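Count residues from 1 along the sequence. We count ligands from 1, going down the list as the structure has it; atoms in each ligand are counted the same way.
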Amino acid sequence: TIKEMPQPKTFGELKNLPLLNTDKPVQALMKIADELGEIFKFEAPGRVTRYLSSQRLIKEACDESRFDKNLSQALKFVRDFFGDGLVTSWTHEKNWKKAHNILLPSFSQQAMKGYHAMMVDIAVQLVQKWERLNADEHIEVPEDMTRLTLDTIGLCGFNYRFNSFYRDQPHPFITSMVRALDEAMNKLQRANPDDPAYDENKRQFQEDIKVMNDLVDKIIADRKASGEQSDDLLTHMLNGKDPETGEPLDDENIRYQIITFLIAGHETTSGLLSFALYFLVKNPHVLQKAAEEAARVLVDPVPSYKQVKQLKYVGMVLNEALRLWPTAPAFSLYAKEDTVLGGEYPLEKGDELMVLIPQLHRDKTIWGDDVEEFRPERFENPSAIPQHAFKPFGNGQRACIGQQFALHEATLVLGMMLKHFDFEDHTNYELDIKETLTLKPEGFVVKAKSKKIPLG
Ligand code: HEM
Ligand SMILES: Clc1ccccc1C(c1ccccc1)(c1ccccc1)n1ccnc1
């Protein structure tokens, strides 16, 4: 029977908006979902979203005959930067399907086998950094994972070396992007955007845009000028033709894809590796099991592609980390036509739904009562997981194109970490989840005692 949709508390003309006046809006939305259940309406001035949290409703929203990928408010905002790249394009935009067809071969098994050696290059730099620490020095986990994941996408994707392990501070490209996005957001909150007090902000913004454009120019120019032509993501961007049309990407779209992939390729994976290490050091029985697997499988000085595929329990650790804290914590959908969701909630054409992935992943009707515990064995039998219960990589044709890249990199790196070191949660770290568009365990630190096993 038709039901009235719960809605949290309203503040006059501001509606629900100031419930998100917090540095942890996703964690706030989870608490609302705890109070109101599987679906709730959330209104801001001029905007309406419905937040879904149950597998039963999310399964229906994932029916692509009824619902398509929506560009949420955050996606429409970052579209100013990522244009009609794969992430920030509508499914019905010609450049989506075209780039999808051209770039999908960059994530084939053959391509993955080709990325493996370059992933090992960066993973070795990570291990060697930690091997080289003096006594009593600790590791800043998310910081080092970010160094790794940035360098991995740069190298595997574009043959560009960020050399993040040679720097104290983040690469200027990252700093520029962060500061440009922060400025663009601050702009929207300024009562008087033409106040001369903001002149320096505007000048800084142009400089930051130029840092980003200079890197994209260099990545393209160095490839075109090189004697080596390689076979990577950039190769397909520059040369690949859409089989449906015979056309290659145009120059403008290529530039959007490059920055799209540089950003997509690193920060969500960095958080995954950080959360996985967090859970491991908090669950010493799981850590021992994972470490036993790493020692038994990784019998050569550097892992091979096939050995990474054999790290089954490491893979389950990573899925269980993505269950609890999926590092892209939502994706957005809209109703293609008028329709009724769950036989209970009528929707008009165009209505937006937000999939609240952390809350999906805590649906007790699917996972049982222990949803807050870290138990990788939940994934021991993959056929037992109902479809649409586990969605850290989105849905359908708009699912993450890089999912296998991310997981292969993370499995490789976590395996090598577990082979080469014993880890200590020397501060008894208290989980504090810092939110941007992603999630990270802020201030997570550990010590790594080397097992003195040499690399190749
Ligand atoms: C743990 C790591 C990752 C997570 C959690 C993640 C998550 C997601 C999710 C949820 C989407 C769907 C977005 C939406 O529906 O609006 C998505 C799309 C995408 N991801 Fe990822 N991602 C990860 C890693 C990567 C990596 C390593 C790359 C690139 C090498 C990548 C590139 C993309 C692209 C290009 C899309 C857009 C696909 C399309 O619609 O054509 N992601 N990702
Ligand atoms: Cl937001 C964004 C912009 C450009 C590329 C990728 C992504 C996205 C993401 C999410 C959180 C923090 C940084 C990037 C993302 C966009 C929309 C919905 C989910 C994730 N992403 C990273 C990996 N795959 C997709």
Side-chain angles (χ1 to χ4, degrees), residues 26 61-62 64 67-91 93 95-104 106-107 111-112 115 119 145-146 148-150 152-158 174 177-178 181 232-234 237 256-276 318-319 321-323 325-334 352-358 360-361 390-411 414 435-440:
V26 167
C62 288
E64 294 172 281
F67 303 90
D68 263 330
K69 165 161 171 158
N70 186 229
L71 303 189
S72 54
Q73 171 180 356
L75 281 186
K76 285 175 176 157
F77 172 75
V78 302
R79 179 171 167 116
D80 289 339
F81 298 83
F82 302 101
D84 58 346
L86 279 180
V87 172
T88 46
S89 55
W90 299 101
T91 299
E93 283 177 306
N95 272 336
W96 174 70
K97 181 61 167 310
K98 184 184 181 175
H100 172 86
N101 288 341
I102 287 164
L103 299 179
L104 192 57
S106 291
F107 299 94
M112 286 300 317
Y115 295 142
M119 295 186 172
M145 298 307 98
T146 294
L148 177 125
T149 62
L150 175 66
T152 299
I153 186 60
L155 180 61
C156 293
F158 307 94
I174 292 304
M177 171 81 74
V178 169
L181 288 167
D232 57 22
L233 195 47
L234 180 56
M237 293 180 185
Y256 290 131
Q257 303 297 355
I258 289 170
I259 56 157
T260 292
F261 275 87
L262 289 173
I263 295 319
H266 90 269
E267 275 293 40
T268 49
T269 308
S270 175
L272 168 59
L273 284 162
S274 298
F275 280 117
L318 289 169
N319 283 139
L322 284 178
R323 186 183 66 81
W325 294 111
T327 52
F331 60 97
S332 185
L333 304 163
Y334 76 92
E352 179 195 29
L353 307 175
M354 192 74 56
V355 174
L356 190 61
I357 308 173
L360 165 68
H361 288 174
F390 181 64
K391 309 285 277 177
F393 297 106
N395 186 63
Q397 66 197 316
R398 304 304 303 275
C400 182
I401 203 181
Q403 158 178 2
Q404 299 303 318
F405 186 99
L407 289 179
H408 186 87
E409 177 183 4
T411 304
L414 186 51
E435 299 194 24
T436 49
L437 289 186
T438 190
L439 310 175
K440 66 170 144 303

Student: Have a look at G402, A264, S72, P392 and point out the one with the heavy atom closest to atom 22 (C) of ligand 2.
Tutor: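 Looking at heavy atoms only, the winner is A264.
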
Student: Which atom names give the shortest non-hydrogen contact between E435 and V26, and what distance separates them?
Tutor: OE1-N, 2.8 Å

Student: Is the backbone N or O of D84 less than 3.5 Å from a side-chain atom of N95, with the two atoms forming a donor-acceptor pair by type?
Tutor: no

Student: Is any N or O atom of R398, backbone or side chain, closer than 3.5 Å to an N or O atom of ligand 1?
Tutor: yes

Student: What is the nearest protein non-hydrogen atom to atom 36 (C) of ligand 1, stated with its residue, atom name and distance?
Tutor: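 Heavy-atom neighbour on the protein nearest atom 36 (C) of ligand 1: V87 CG2, 3.4 Å.
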
Student: Find all atoms of ligand 1 within a distance of less than 4.0 Å from any non-hydrogen atom belonging to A399, and give their numbers and elements.
Tutor: 38 (C)

Student: Determine if the distance from atom 16 (C) of ligand 2 to the closest protein heavy atom is below 4.0 Å.
Tutor: yes

Student: Need the ligand 2 atom indices (1-based, order shown) with element for anything under 4.0 Å from a heavy-atom of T260.
Tutor: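 That gives atoms 5 (C) of ligand 2.
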
Student: Is it true that a side-chain atom of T411 and a backbone atom of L407 form a donor plus acceptor pair closer than 3.5 Å?
Tutor: yes

Student: Of the protein's non-hydrogen atoms, which lies at the shortest distance from atom 7 (C) of ligand 1, and what is that distance?
Tutor: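 For atom 7 (C) of ligand 1, the nearest protein heavy atom is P392 O, 3.5 Å.
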
Student: With atoms numbered from 1 as shown, which atoms in ligand 2 lie under 4.0 angstrom from a non-hydrogen atom of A328?
Tutor: 19 (C), 20 (C)

Student: Return yes when atom CD of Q73 has more than 12 non-hydrogen atoms of other residues, nucleotides or ligands closer than 6.0 Å, and no otherwise.
Tutor: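 Check fails, neighbour count at 12 or below.
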
Student: Please check if the side chain of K69 supplies one atom and the backbone of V87 the other of a donor-acceptor pair under 3.5 Å.
Tutor: yes

Student: Are the side chain of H266 and the backbone N or O of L150 linked by a donor-acceptor pair below 3.5 Å?
Tutor: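 Checking the backbone N and O of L150 against the side chain of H266, no donor-acceptor pair under 3.5 Å is found.
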
Student: Within a strict 4.5 Å, meaning less than it, do heavy atoms of the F77 and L181 side chains meet?
Tutor: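 Yes. Closest side-chain heavy atoms under 4.5 Å.
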
Student: Tell me the contacting part of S89 for ligand 1: side chain, backbone, both, or neither, using a 4.0 Å heavy-atom threshold, strictly below.
Tutor: neither

Student: Counting non-hydrogen protein atoms only, what is the nearest one to atom 11 (C) of ligand 2? Give residue, atom name and distance.
Tutor: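 Nearest protein contact, heavy atoms only, for atom 11 (C) of ligand 2 is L437 O, 3.5 Å.
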
Student: Look at atom 23 (C) of ligand 1 and say which protein heavy atom is nearest, naming residue and atom and giving the distance to 0.1 Å.
Tutor: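 Ranked first by proximity to atom 23 (C) of ligand 1 is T268 OG1, 3.4 Å.
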
Student: Examine the side chains of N70 and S332 and answer whether a donor and an acceptor come within less than 3.5 Å of each other.
Tutor: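 Looking only at side-chain atoms, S332 and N70 do form a donor-acceptor pair, the distance falling under 3.5 Å.
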
Student: Using a 4.0 Å heavy-atom cut-off, say whether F331 meets ligand 1 through its side chain, its backbone, both or neither.
Tutor: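 The part of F331 near ligand 1 is the side chain, not the backbone.
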
Student: With a cut-off of 4.0 Å, which atoms of ligand 1 are near a heavy atom of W96?
Tutor: 39 (C), 40 (O), 41 (O)

Student: Which residue and non-hydrogen atom of the protein lie closest to atom 28 (C) of ligand 1, and at what distance in Å?
Tutor: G402 CA, 3.6 Å

Student: Would you kindly specify which portion of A264 sits under 4.0 Å from ligand 1, judged on non-hydrogen atoms: side chain, backbone, both or neither?
Tutor: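 For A264, backbone and side-chain atoms both sit under 4.0 Å from ligand 1.
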
Student: Would you check if there is a donor-acceptor pair between the side chains of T149 and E409 at a distance under 3.5 Å?
Tutor: no

Student: In the protein, what heavy atom is nearest to atom 18 (C) of ligand 2, and what distance, to one decimal place, separates them?
Tutor: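 Of every protein heavy atom, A330 O, 4.0 Å lies nearest to atom 18 (C) of ligand 2.
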
Student: If only side-chain N and O atoms count, and only distance matters, is there a donor-acceptor pair under 3.5 Å linking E267 with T146?
Tutor: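 The criterion, which ignores hydrogens and geometry beyond distance, is satisfied for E267 and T146.
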
Student: Are side-chain heavy atoms of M237 and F261 found at a separation under 4.5 Å?
Tutor: yes

Student: For atom 9 (C) of ligand 2, what is the nearest protein heavy atom, given as residue, atom name and distance?
Tutor: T268 CG2, 4.3 Å

Student: Of the choices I357, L262, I263, which has the non-hydrogen atom that lies closest to atom 14 (C) of ligand 2?
Tutor: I263

Student: I need the atoms of ligand 1 closer than 4.0 Å to a non-hydrogen atom of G394, numbered in the order shown.
Tutor: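 Once the distances to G394 are compared, the set is 10 (C).
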
Student: Could you identify the single nearest non-hydrogen protein atom to atom 2 (C) of ligand 2 and state the distance to 0.1 Å?
Tutor: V87 CG1, 4.1 Å

Student: What residue and heavy atom of the protein are closest to atom 3 (C) of ligand 2, and at what distance?
Tutor: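 Checked against all protein heavy atoms, atom 3 (C) of ligand 2 sits closest to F82 CE1, 3.9 Å.
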
Student: Is the shortest side-chain N to carboxylate O distance from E93 to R79 below 4.0 Å?
Tutor: yes

Student: Could you identify the single nearest non-hydrogen protein atom to atom 6 (C) of ligand 1 and state the distance to 0.1 Å?
Tutor: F393 CD2, 3.7 Å

Student: If every non-hydrogen atom of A330 is compared with every non-hydrogen atom of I357, which pair is closest and at what distance?
Tutor: N-CD1, 3.8 Å

Student: Counting only heavy atoms on the protein side, is anything nearer than 4.0 Å to atom 25 (C) of ligand 2?
Tutor: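 No, because not a single protein heavy atom sits under 4.0 Å from atom 25 (C) of ligand 2.
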
Student: Using heavy-atom distances, let me know which of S106, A410, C400, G396 sits nearest atom 21 (Fe) of ligand 1.
Tutor: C400

Student: Side chain or backbone of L75 under 4.0 Å from ligand 2, or both, or neither, by non-hydrogen atoms?
Tutor: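 The part of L75 near ligand 2 is the side chain, not the backbone.
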
Student: Please say whether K69 places an N or O atom under 3.5 Å from an N or O atom belonging to ligand 1.
Tutor: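 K69 vs ligand 1: N/O contact under 3.5 Å present.
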
Student: Please confirm whether the backbone N or O of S72 pairs with a side-chain atom of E352, one donor and one acceptor, at under 3.5 Å?
Tutor: no

Student: Who passes salt bridge (charged side-chain N to carboxylate O under 4.0 Å, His left out) against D68, sequence neighbours left out?
Tutor: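 Partners of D68 under the salt bridge (charged side-chain N to carboxylate O under 4.0 Å, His left out) test: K336.
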
